[PDB]
Every structure is written in structure tokens, then in C-alpha cells.
Amino acid sequence: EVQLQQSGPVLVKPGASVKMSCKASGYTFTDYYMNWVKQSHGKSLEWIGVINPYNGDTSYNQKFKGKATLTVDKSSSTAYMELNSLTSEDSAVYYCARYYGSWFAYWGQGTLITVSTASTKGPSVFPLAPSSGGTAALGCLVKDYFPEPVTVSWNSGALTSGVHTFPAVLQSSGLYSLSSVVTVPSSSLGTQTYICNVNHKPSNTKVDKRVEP
Amino acid sequence: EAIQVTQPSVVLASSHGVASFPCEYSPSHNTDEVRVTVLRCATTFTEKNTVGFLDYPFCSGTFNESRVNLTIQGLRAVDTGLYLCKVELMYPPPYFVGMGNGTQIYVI
Amino acid sequence: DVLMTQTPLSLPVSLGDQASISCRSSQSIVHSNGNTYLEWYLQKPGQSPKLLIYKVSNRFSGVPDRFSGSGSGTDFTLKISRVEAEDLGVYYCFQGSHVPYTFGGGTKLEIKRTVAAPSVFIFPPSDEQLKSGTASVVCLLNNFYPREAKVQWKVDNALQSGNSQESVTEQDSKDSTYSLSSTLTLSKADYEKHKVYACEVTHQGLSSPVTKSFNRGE
């Protein structure tokens, strides 16, 4: 039905600027208003403003009037928010969300903006592989990357039951690190096949890996 | 960059002098606060208030979505001419306003 | 500015009971048009928010009939009757009446289930990684409750320290349990130096600490 597709994650050095997208589908982009909602890592949500795509009018949250500039483009059914003077506290998850009898009735999957002085860096994946019993275990360790985030999958989307992708833990090396595992029945050892797909956008490190004993 | 208010061209006022015509608009999903004014009577349609022109007894209005069935009553011949319909959508902010080309109401 | 203060901040509730959350606004929420614009959002973990109730007491399409809103002025209440594992997450009230539009702080609804002892598994460092010069020994506690667990590593029957991390799954939205990871950070030299690697699990569901371990080479 309705789908809102936001741009991927962006690592921007402080003091720079960033403009993200929201690509409306399954409805008439100009018909309903559009909001941008900020969710810091501190969990609580914030309203930035609303823009009428048919028109371009806006109503802004005065505390964002300078930090954010929202804009639309009717030919692409795509809305834009742009952030000037990116600081460290500007790093958040940013959401587009479209009105429908209610403010945030359709939600975009989110754009994770990381505002660092460091360099993007690529995951390395290593087969967390099974050993010699009812049900067994497998996984993919994803050592040393930055910035967040990272998407992990098993068989391009096939495997879903019994998975567990742990939150990344900061390491002493200033870098994230993470695993992803799933319990399968003992039988399927050589029958079925298991490969995780690891994707790190701010450094274009898309990498599948097979996992076997 | 304004809404598509659609009046009818010429309107033939009735026996006892009561003209009726629909005033339709196009971005019409902003239905909470919807003030409608008549220019040559005005009321604001919400949920608390559903039949408008309470304070304008010469006028009758029934809202539903992308059409407003309108009624001006008691029109003389000394009133004939250009009648205009303005569709304000006060909620959500920011407003989203519109006006129509008008209606020639000929009061036979 | 209109502050939305919720209560409780956490709220454990067993499947089948009746959860109930409270949102209090610094000033009335009734707008000039007469409408009153309270909204209830539920952010399941790692998902974007999702809309539940609008205009105080109205269920957006799709939201189950267990969910319900009530209130007026400065005091409101979301109430799940008969909770389900699928309902765990953070619940935000939001007012869209007065500019600027603000949210509440949230209310993490936790499920409460019977004790569950964890399965334990252990993983030796990958060969490719051993060629990189680092080594990571990973220990897994799977589907246990409560979240609290003791994880102790022992290299050759003496416990290491300062060189391991833990990570905790968020609550399972199907079977209500948590899963834990223990990663041990050793250099290729120190890993290719000792023999017996062990992961000891102490948990409020296991009568005796259960240990799983590997000897460098199998």
C-alpha cells in the first residue's frame, strides 16, 4: 500500500550539512502532509516540522527552525530535509511520517545520521560455525566497524525463525562489533545451506559469507 | 499552489428565491477545521459543529469530503450576479486555502 | 511548550493481564476546533513507531480491540486488556494540538514469564580470523529468563578478566525470552598459547552452573 523509503545512513564530518530523502509510493504524494520526526539515541521522539507537498508550505518546531530545512519535489513524490551545521548532538535517527487523520500514520524506515570526526571502516565477517544432539547453532561475527548501522540476514531473507542479531557493543578500539546467530534442527547439516549477508553502507562493504563446519 | 475550488457557472435562483449549488475542492483530506465563506454568510465546519450558517440564517450548508452542497435563501433580484466560495482548511497547520471563479446567480 | 509526562517508565505485565499507561500534559490538550489530539504510538524493538490510537479514544485501522484510550484535558490513559507477547515495546503519547508538537518520554512494557534455563553454546575463533592475528571466543546463552545471568570464562582452569564483553538480546516478541552473548578478545599469540577454553553459566533457572568448553583443536 503506502511505503515511505528513506535514504540510507550517512557519516558526515561535523560542521557539514546533510539532506535526506523520503520516496512516497502507493498514494498521491501531494494529497497529504508530511512530518519529520527525530529520535536521538536517548529513545524519546521529537517533531521537527510538517510540509504540504502540493504547495511547499511548512510549519516548524521553533527550536528546529534554523537546524532543519524541509522541502518537497512533486515530480519525484519525494520529500527532503536538510540539516546545516551538523554537530555531535545532531546525530540521531530521522524519520519521515505522513498524515492521515492523525499525525504519524505512515512511517519511513529511518535515516541514521552519524556525525563523527572519524573515518568509516568496514566490517570483517568470520564464520561462527557449528560443532558436533537436538537443534544446533551457527553465526557470523561482525568485528570492528564504524559508524553504525549494519544489516544482517540469512539466505537473502529466507531464514527467519530462531535468529538473534545482538546489539553492537563498543570495543576498546573505539569501534562497534556484533554477532548474529540462529538455531536450526540438527538434521539439515548438509541438506540446507546457510550464508549470512552483511551490509555496511557508510563504507559500501556489502558482503555475503558462507558458514559451515 | 492553492486548492481547486470548483463552483458552477450560472445558477438559477429558485421560486421563493433560494439558490443551491455545490462547491468542490481538491486537496480535501484536511477535514477537521473547514471554514467556508460566501463573497459577492460564513461558518466553520468541525465536529462540534456540523450544520453551519447558524449565525447566518439566509444560508444552508451540508459538508461531506470533496463537495459542499450550498444554499442561499431569500435572494432578491436586487442581489443577482457574482457569488464566490472560499475553502479554508485551518487544520492541520499550515493552512491550505482556495477560492473559486465565482457563480453568476440569476434570480428570476 | 507543552510537556508530556508518562508513568510508569517500565511496566512488567504477564500475558493475559491488563496493562495500563498514563500520560499527563502540562496544559490542556483540547484544541480550539473542539477536537482533542492525543495519539498513542508503539515502537516495537528495532522498528519505526506505529500508530495505535488517535484523537484520544480512536483506534487507527489495524490496531487490535484490546487497545483503548480515554481521557480529557490534562490526563489520559492507554490500556491494553489481555496482553500478548507481540505487545512488548515502548508506548509514546503524543499531542498534536498546540505548536510545537511534543511526545511523552515513553513506557517500556516488559513481559513477565516463568523461569527458563538457557541453552549454552561455545564458538572457537574462525580460521580466517586467526590468520588476521586476532581471536574471538564467543559464548552464547539462548532463550532464558530472567535477563540476569552470570557468565564466567576460564582458560585452562583459571578465570580470565577484563578482556570480554557481553551483549543482550531485546525481549523476544514471540516467546518472551532473552539471549546473551559473551565475546572473549585474545591475540593470536595468546589464543595459540593455551589449551582448554571454558564458558561457565550461572543462571536462576539452572540448579548447578552449566559449563561448555573446547580444547584448541577438534
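Numbers here mean position along the shown chain, with the first residue as 1.
The way this entry was determined, per its header, is X-ray crystallography, 3.1 Å.
Cβ coordinates come from backbone N, Cα and C, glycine included.
Residue counts for the region 'Homodimerization' (B:11-15) under DSSP (helix as H, G, I; strand as E, B; rest coil) come to 0 helix, 2 strand, 3 coil. Summarising the annotation, Swiss-Prot assigns region 'Homodimerization' to B:11-15.
Using a 10 Å Cβ-Cβ cutoff, B:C85 (disulfide bond) registers 24 neighbours. The disulfide bond annotation in Swiss-Prot covers B:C23-B:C85 (among others), and the record cites experimental evidence as its basis.
Cβ-based neighbour count (10 Å, all protein chains) for B:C41 (disulfide bond) stands at 17. The annotation disulfide bond is assigned in Swiss-Prot to B:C41-B:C59 (among others) on the grounds of experimental evidence.
Marked as N-linked glycosylation site by Swiss-Prot on the basis of sequence analysis: B:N64 (among others). The secondary structure of B:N64 (N-linked glycosylation site), as reduced to three states from DSSP, is extended strand. Of all the Cβ atoms in the protein chains shown, 9 others lie within 10 Å of the Cβ of B:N64 (N-linked glycosylation site).
The Cβ of B:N69 (N-linked glycosylation site) lies under 8 Å from the Cβ of B:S20, B:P22, B:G61, B:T62, each of which sits 6+ residues away along the same chain. Residues annotated as N-linked glycosylation site in Swiss-Prot: B:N69 (among others).
Long-range contacts of the region 'Important for interaction with CD80 and CD86' (B:90-95) within the same chain, counting only residues at least 6 positions beyond its ends with a Cβ under 8 Å from a Cβ of the stretch, are 30, 32-35, 44. Among the features that Swiss-Prot reports, region 'Important for interaction with CD80 and CD86' is placed at B:90-95.
For B:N101 (N-linked glycosylation site), applying a Cβ distance below 8 Å and a minimum sequence separation of six or more within one chain yields B:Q7. Marked as N-linked glycosylation site by Swiss-Prot on the basis of sequence analysis: B:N101 (among others).
Of all the Cβ atoms in the protein chains shown, 19 others lie within 10 Å of the Cβ of B:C59 (disulfide bond).
Note: the CA-CA distance between B:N64 (N-linked glycosylation site) and B:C23 (disulfide bond) rounds to 11 Å. The model of this deposited entry stops at B:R40 and resumes at B:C41, leaving 9 residues out; those two Cα positions are 10 Å apart. Taking CA atoms as the reference points, B:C59 (disulfide bond) and B:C85 (disulfide bond) are 13 Å apart. There are 23 other Cβ atoms within 10 Å of the Cβ belonging to B:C23 (disulfide bond).
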